[PDB]
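No hydrogens, no waters, no symmetry mates; every other heavy atom, side chains included, goes into these values. Chain letters run A, B, ... following the sequence lines, proteins first, then strands; residues in each count from 1.
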Amino acid sequence: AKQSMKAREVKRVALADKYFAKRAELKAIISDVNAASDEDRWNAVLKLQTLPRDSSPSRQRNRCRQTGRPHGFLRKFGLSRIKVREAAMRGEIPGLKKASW
Amino acid sequence: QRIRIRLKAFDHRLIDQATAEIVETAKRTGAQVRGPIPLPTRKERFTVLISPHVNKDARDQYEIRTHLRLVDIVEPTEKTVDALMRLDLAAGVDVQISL
Amino acid sequence: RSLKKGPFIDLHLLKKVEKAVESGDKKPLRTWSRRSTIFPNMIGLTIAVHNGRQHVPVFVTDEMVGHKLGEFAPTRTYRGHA
Amino acid sequence: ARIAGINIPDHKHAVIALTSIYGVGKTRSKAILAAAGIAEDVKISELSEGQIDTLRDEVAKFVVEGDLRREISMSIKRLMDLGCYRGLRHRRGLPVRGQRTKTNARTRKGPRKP
Amino acid sequence: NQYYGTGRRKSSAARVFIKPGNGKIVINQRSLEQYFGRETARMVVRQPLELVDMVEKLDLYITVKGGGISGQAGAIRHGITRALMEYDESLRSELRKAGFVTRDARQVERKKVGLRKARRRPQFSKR
Amino acid sequence: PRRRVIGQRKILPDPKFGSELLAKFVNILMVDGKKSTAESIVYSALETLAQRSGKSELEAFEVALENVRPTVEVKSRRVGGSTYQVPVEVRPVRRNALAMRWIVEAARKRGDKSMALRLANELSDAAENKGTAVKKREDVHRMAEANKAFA
RNA sequence: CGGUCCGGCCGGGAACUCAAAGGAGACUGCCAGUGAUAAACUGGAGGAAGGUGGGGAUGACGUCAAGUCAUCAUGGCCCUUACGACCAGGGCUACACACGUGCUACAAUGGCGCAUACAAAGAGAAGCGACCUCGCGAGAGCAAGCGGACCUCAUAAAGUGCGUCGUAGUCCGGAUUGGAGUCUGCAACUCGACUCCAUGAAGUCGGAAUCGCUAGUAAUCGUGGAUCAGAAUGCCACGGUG
Ligand SMILES: [K+]
Ligand SMILES: [K+]
Ligand SMILES: [K+]
Ligand SMILES: [K+]
Ligand SMILES: [K+]
Ligand SMILES: [K+]
Ligand SMILES: [K+]
Ligand SMILES: [K+]
Ligand SMILES: [Mg+2]
Ligand SMILES: [Mg+2]
Ligand SMILES: [Mg+2]
Ligand SMILES: [Mg+2]
Ligand SMILES: [Mg+2]
Ligand SMILES: [Mg+2]
Ligand SMILES: [Mg+2]
Ligand SMILES: [Mg+2]
Ligand SMILES: [Mg+2]
Ligand SMILES: [Mg+2]
Ligand SMILES: [Mg+2]
Ligand SMILES: [Mg+2]
Ligand SMILES: [Mg+2]
Ligand SMILES: [Mg+2]
Ligand SMILES: [Mg+2]
């Protein structure tokens, strides 16, 4: 199980849309040569570090939604390979039948 | 003007009858109906491991086919638009209208 | 390597080093930040950088400016096989 | 024929023969012959001497032959005495750029001794 | 009138129109020698009009799509065959014996799971 | 091939001449499915034989082909743990195949510049009954008439 | 067919390719011969296809106390100021060696330079990102279009034509290392991918032995996708030559 891993993951998700995709302006914009070429850009580069170590979209492991498995993820369904198979055979994923071409 | 209707579905019989329901209800208000045209179907494939552990060559291959139909209406009287916006089809069809 | 658009150094290390060059050299400055560029500002001070279990002290000469701190604290122990 | 590059390249096309000069590859050789106004399907034969030292001090504009070797080796000595990570790998004989060392480091470690 | 034929090979598709009484072979608004640089493709396209003989007795306007050189050449052959069969209706019997009428149905085989190719198997070793 | 006996597969003639034999030759010379390369090489070598040392341009090939074609072969047959080398007659098509293969493999292991002129020398000396394709034939024979008692 | 700026680009056409729904077609159905008046075998015709047309999915009763308590679920056992929980740094990338599976080579059926042909199948909104300008280049700036048979990824490579190299450890090979950079990312020391300049190991076809493949197959040449901020010689797919 390791429920605590799921807790870590959901905390990272929430805190990450908490800060970023809202305050990306500290790097996406102020780094521009047209924004600064001097102490302003340096002050922004150092300000980007006091935001928590989380809150980056680059720290989500993107686990399964039912069992929380790290590996074998499928972005289309949000499930691991095991769960998409066990649910596809039961007939719950629409339109997903066995392919043979 | 022209009004354009795009129909997407996961099976072809439901979307076939949905396109019917559209194109005769368009002729019911006496309108010219261009189509219906089958656009190419988009089939997305997936390949999964089927053991819980350590069995790399044992796999399953699934696919989802999306069927696409297009219909254009080129002589809309006012009783054609409402006459198309009142129509009841089962849940498998997604319609997108374009003015 | 990194972009020329700004070298990297942490905030806590930056403040610790400025206050240590104002206040005269001191204890081996204990740090964990192996990722920070060595600046001209601390030639002469002794920084004890973490290597996983210990803090290896390094005395910064002028040749070290531009390198990272972690380059001067090896993380793995190994001395022959047999 | 001798150049400022002290070596003596042999009688083949000039763009290839000037690469026997240590520190000059193919791009440098093309730049050399383009600044000298010399085509590069010309041999070291069939060439003037009032065309050879225009090459000689056209190539004198680069860091070349033994003076390059010194520049390289002291850049290695620097690391080897700095005590850095690249220095530890240079001073010992293991790959420096982060390659696998469990297997397949035979170019850096030489033929295998059991 | 136009006499028309459709021909297909591995992944190519060729449509062929033949007109009476002139010598133009034109494919994709190009000569035969401009299009097919390989004389084997040039030979394959002239095959059906060698038993069914001509000097310059019909001109043919061809277009092709898909595939490579051999696929397009074979598609054009098959299309010429079908077109001239619509033209005469009784050149069929000797074209059957030449093998020009059968649509070559060899398609490239799919790659299969666990295999490096359609049939090439990974190197096995006992231990 | 336990049960399913096989027929044959079609082969095109050659654009330039209209031969099946030489079309077999370029399939045996082709490597990696590069047919254009092999056609180029074989035309380049064969004209190089014809007007440098030679006849009407198809005859000059068959005269070198006949003098390397073997007439008898060795095939081995097991006892209970012994295998006799029994000499056997070679069938026509296998004769042409063996000749073409030996010519190609002798031409492959020479020391000259092109492949066309390597092929050229080998075919020229096969016309003169020397080289190493012809001696391949000579010693397959030698071994066949050494085991002449096991017919 | 008309017109044209010579591009299906406009009028226009619904023929053709194609798209995707429906339908037809192959059944030893037909004709000979053999066969136990058999079931079936050889051959022929017609036909796009002939004898299971090609490929796939489909894996009987059971075997190996085979594998997985680390996907999940679960009987019993064990921990409960720690075998639970949070954080920073490190490690999973170590290196005397041995083995398995791959990629690149040892060259002329080739290497390099210039010119020029012919694909299929896919993906895309915190996404794909054109045109133009700057940079030798990786890329940067500006910014259109696209939830897509429309826009982008994206100018396929082997191939063909011309020139050169002329059998060399080479104009083969591109490992290793030095310097200078780009981009993603809080952050590229340990430990990322890519670019430029320079460096140019081994390697000249591989012992005993051993593997795959019966036709669009083997061999070879490129393309795409999932995972994914970035990071394939792996995996899963696609066509070309053959
Ligand atoms: K050089
Ligand atoms: K390593
Ligand atoms: K349990
Ligand atoms: K680590
Ligand atoms: K590999
Ligand atoms: K290997
Ligand atoms: K070289
Ligand atoms: K990625
Ligand atoms: Mg990630
Ligand atoms: Mg690595
Ligand atoms: Mg293939
Ligand atoms: Mg495998
Ligand atoms: Mg029609
Ligand atoms: Mg069955
Ligand atoms: Mg067990
Ligand atoms: Mg076990
Ligand atoms: Mg366990
Ligand atoms: Mg940690
Ligand atoms: Mg590991
Ligand atoms: Mg050699
Ligand atoms: Mg078989
Ligand atoms: Mg290759
Ligand atoms: Mg690929």
| message | Taking only side-chain N and O atoms of A:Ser100, does any of them lie within less than 4.0 angstrom of OP1 or OP2 on G:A57? | response | no
- Touch check for F:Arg110, heavy atoms < 4.0 angstrom, all strands: base, sugar-phosphate only, or nothing? nothing
NZ (B:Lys8) and CG (B:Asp94) are apart, to the nearest 0.5 Å, by 8.0 Å
Quick test of your reading: by the Watson-Crick or G-U wobble rule with a 3.5 Å threshold, is G:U93 paired to G:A180? no
The glycosidic conformation of G:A175, counting syn as within 90° of 0 and anti otherwise, is anti
With a 4.0 Å cut-off on heavy atoms, is E:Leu115 in touch with a base, just the backbone sugar-phosphate, or nothing at all? sugar-phosphate
Do the six-membered rings of G:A57 and G:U58 lie with centres under 5.5 Å apart and planes under 30° from parallel?
yes
query = D:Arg108 near the nucleic acid: base, sugar-phosphate alone, or nothing, with a heavy-atom cut-off under 4.0 Å?
reply = sugar-phosphate
For a quick test of reading the model: is some side-chain N or O of D:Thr103 closer than 4.0 Å to OP1 or OP2 of G:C97?
no
Rounded to the nearest 0.5 Å, the CZ atom of B:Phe46 sits from the CG atom of A:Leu74 at a distance of 7.5 Å
- Query: So, are G:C194 and G:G181 sitting in a Watson-Crick or G-U wobble pair, both contacts under 3.5 Å?
  - Reply: yes
Expected label for G:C27 (glycosidic angle, syn inside 90° of 0, else anti) would be syn
Fill in: Distance below 4.0 Å between E:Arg96 side-chain N/O and G:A48 OP1 or OP2
yes
Q) Within the structure shown, what part of the strands sits under 4.0 Å from E:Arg15 by heavy-atom distance: base, sugar-phosphate, or nothing? A) base
key: F:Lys34 vs G:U109: side-chain N/O to OP1/OP2 distance below 4.0 Å   = no
_Taking G:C235 first: does it form a Watson-Crick or wobble pair with G:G225, both atom distances below 3.5 Å?_
yes
To the nearest angstrom, the NZ-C1' distance between F:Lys113 and G:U109 comes to 17 Å
Please determine whether a side-chain nitrogen of the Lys or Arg among F:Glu39 and E:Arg38 lies less than 4.0 Å from a carboxylate oxygen of the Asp or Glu.
no
**Request:** Would you tell me if any nitrogen or oxygen in the side chain of D:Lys109 comes within less than 4.0 Å of OP1 or OP2 on G:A96?
**Result:** yes
Problem - E:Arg106 bridged to E:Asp104 by N-O distance under 4.0 Å - result: yes
Practice problem: Give one of base, sugar-phosphate or nothing for E:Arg30, where a contact means two heavy atoms less than 4.0 Å apart. | Solution: nothing
Within the pair A:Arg59 and G:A187, is there a side-chain N or O less than 4.0 Å away from OP1 or OP2?
no
Q. Can you say whether the rings of C:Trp32 and C:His55 are parallel (under 30°), tilted (30 to 60°) or perpendicular (over 60°)?
A. perpendicular
Query raised in the report: Checking all strands, does E:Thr6 fall into the base, sugar-phosphate, or nothing category for heavy-atom contacts under 4.0 angstrom?
Result: sugar-phosphate
Check for me: is C:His81 stacked on G:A96 by the 5.5 Å centroid and 30° plane-angle rule? yes
The glycosidic conformation of G:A168, counting syn as within 90° of 0 and anti otherwise, is syn
Would you say G:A32 pairs with G:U42 if a pair means Watson-Crick or G-U wobble with both distances under 3.5 Å? yes
Q) Under a 3.5 Å rule for both distances, is G:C172 the Watson-Crick or G-U wobble partner of G:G89? A) no
* Should G:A66 and G:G67 be reported as a stacked step, that is, with six-membered ring centres less than 5.5 angstrom apart and planes less than 30° apart? -> yes
Regarding D:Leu94, tell me which of base, sugar-phosphate or nothing describes its non-hydrogen contacts under 4.0 Å with the strands shown.
sugar-phosphate
Base, sugar-phosphate, or nothing: which does E:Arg119 touch, judged by heavy atoms less than 4.0 Å apart?
sugar-phosphate
- prompt: Does a side-chain N-to-carboxylate-O contact under 4.0 Å join A:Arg81 and B:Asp60?
  reply: no
Relative to its sugar, using the 90° cut-off around 0, the base of G:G7 is syn
May I ask whether G:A115 and G:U160 form a pair, defined as Watson-Crick or G-U wobble with both distances under 3.5 Å?
-> yes
*Report which part of the nucleic acid E:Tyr35 touches: base, sugar-phosphate, or nothing (heavy-atom distance under 4.0 Å, all strands).*
sugar-phosphate
Residue pair A:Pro57/A:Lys11 against RNA chain G: nearer the 5' end by closest nucleotide is A:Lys11
Check your understanding: Given G:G242, is OP1 or OP2 found less than 4.0 Å from the side-chain N or O atoms of E:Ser70?
Key -> yes
Under-4.0 Å side-chain N/O to phosphate OP1/OP2 contact, D:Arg69 with G:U177: no
Assign each of D:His13 and D:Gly25 the nucleotide of RNA chain G bearing its closest heavy atom; nearer the 5' end lies the nucleotide of D:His13
task = Could you check whether E:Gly37 gets within reach of a base, just the sugar-phosphate, or nothing at all, counting any heavy atom under 4.0 Å?
result = nothing
Would you tell me if any nitrogen or oxygen in the side chain of C:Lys68 comes within less than 4.0 Å of OP1 or OP2 on G:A188?
yes
Does G:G35 pair with G:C238, Watson-Crick or G-U wobble, where both distances are under 3.5 Å?
no
* Asked: G:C95 and G:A229: how far apart are their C1' atoms, nearest whole angstrom?
  -> 33 Å
Review point. Base, sugar-phosphate, or nothing: which does F:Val31 touch, judged by heavy atoms less than 4.0 Å apart?
Key: base
**Prompt:** Counting only side-chain N and O atoms of B:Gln61, is one of them less than 4.0 Å from OP1 or OP2 of G:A237?
**Reply:** yes
_side-chain N/O A:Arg65 vs G:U71 OP1/OP2, d < 4.0 Å_ = no
ask   = Are any of D:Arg100's side-chain N or O atoms less than 4.0 Å away from OP1 or OP2 of G:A94?
value = no
Within the 4.0 Å heavy-atom criterion, would you say D:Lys77 contacts the bases, only the backbone, or no part of the nucleic acid? nothing
- Task: Would you classify B:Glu44 as touching base, sugar-phosphate or nothing, given that sugar-phosphate means primed atoms plus P, OP1 and OP2, and contacts are heavy atoms under 4.0 Å?
- Result: sugar-phosphate
Would you confirm whether G:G8 and G:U4 are paired, taking Watson-Crick (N1-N3 with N6-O4 or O6-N4) or G-U wobble (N1-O2 and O6-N3) geometry and requiring each distance to be under 3.5 angstrom?
no
